[PDB]
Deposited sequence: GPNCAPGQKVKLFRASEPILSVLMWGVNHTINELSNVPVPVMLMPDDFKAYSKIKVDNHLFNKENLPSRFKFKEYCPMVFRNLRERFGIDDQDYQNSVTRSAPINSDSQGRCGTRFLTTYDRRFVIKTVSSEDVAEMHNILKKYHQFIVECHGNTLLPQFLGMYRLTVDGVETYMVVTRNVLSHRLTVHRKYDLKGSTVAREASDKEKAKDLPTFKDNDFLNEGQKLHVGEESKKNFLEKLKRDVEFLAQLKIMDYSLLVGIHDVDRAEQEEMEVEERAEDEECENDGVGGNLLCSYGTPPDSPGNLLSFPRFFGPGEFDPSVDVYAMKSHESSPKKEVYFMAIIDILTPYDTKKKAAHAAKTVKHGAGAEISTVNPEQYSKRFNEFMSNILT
């Protein structure tokens, strides 16, 4: 029994929506190939419930899924099972706009009308790129794009695979663009601080053996090249640090690489014992300039 109990209607609608659409798709054959129309397609459901099932859901709401066939395919290409995805969203209200599913596997980010537009605009080339790199990429993994209507107000959402681990606590996260950027006096307050270029560069730092250095750098190259060719820019490399010892005070440093896809063990002959999480993000907006600049600044944190 799914109640879709959530601290917010919007969330309940979200949960109801992912549930409804995944189920509906389970009735749609997996096609031999995507077609041009699949990139212009959507599903739209409008609910109007008089005196019925109001305990958690609004009586009236709308839910629109963009390009369901394309995103279902992406899901499979990223090695994600539809039923798992559905359960991640619906089993328990997602939590804290930038949300996470209760199990921390998927990030749910609110975006704007033009974000959704930019997404339509790159979706075919992004799909094609994912195919060609066999899913092996530091780019965001777009799992679904939705538009909710709750109380007459439209809200757009994009679901990605979480960059950070879903079980290993992060102790320090960085946000790198490779180009005047430090963290703010107010931002430096809370526990989960988000540093920028300066704070890390000036701080001094990431040891992932050569084997990892090569792949990573190799993956980052083709990626930002693709981004450049899209005339896209303004993206950052989210970096997470999980120092194992600080965690010791079901084991530590232990993770499932099929789930924490961006995770990386520290090198044996290295200083401290850590797991790094690293991926690109926020690419829905000099570009070639930006790429090499970006690519250069990231090659330098890898002993």
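Taken in order along the deposited sequence, the stretches absent from the coordinates are 1-9, 106-114, 198-199, 225, 271-313, 350-375.
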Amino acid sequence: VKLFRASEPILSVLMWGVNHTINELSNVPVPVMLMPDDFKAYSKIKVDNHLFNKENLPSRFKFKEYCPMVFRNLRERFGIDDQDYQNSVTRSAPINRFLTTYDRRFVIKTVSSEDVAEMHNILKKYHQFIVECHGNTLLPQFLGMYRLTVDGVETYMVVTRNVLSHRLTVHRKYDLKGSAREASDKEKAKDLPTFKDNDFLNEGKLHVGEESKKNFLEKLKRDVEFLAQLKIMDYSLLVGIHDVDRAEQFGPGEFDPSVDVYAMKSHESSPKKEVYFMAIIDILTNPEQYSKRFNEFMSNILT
From here on, numbers count along this sequence of modelled residues.
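Higher mean CA B-factor, judged across 221-229 and 139-147 from the recorded values: 221-229. Between the stretches 231-239 and 44-52, it is 231-239 that shows the larger average CA temperature factor.
The PDB entry gives the largest Cα B-factor of the residues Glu211, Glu76, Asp103, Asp115 to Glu211. Annotation for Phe200, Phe129, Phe71, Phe98: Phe200 ranks highest, by Cα B-factor. Among the modelled residues of its chain, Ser266 has a C-alpha B-factor that falls in the lowest third according to the deposited record.
In the PDB entry, a CA B factor belonging to the highest third of its chain's modelled residues is recorded for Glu288.
Looking at the C-alpha B-factors along this chain, the one for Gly251 belongs to the highest third. When all modelled residues of the chain are sorted by CA temperature factor, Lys173 is found within the highest third. When the CA B factors of the chain's modelled residues are split into thirds, the value for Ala183 lands in the highest one.
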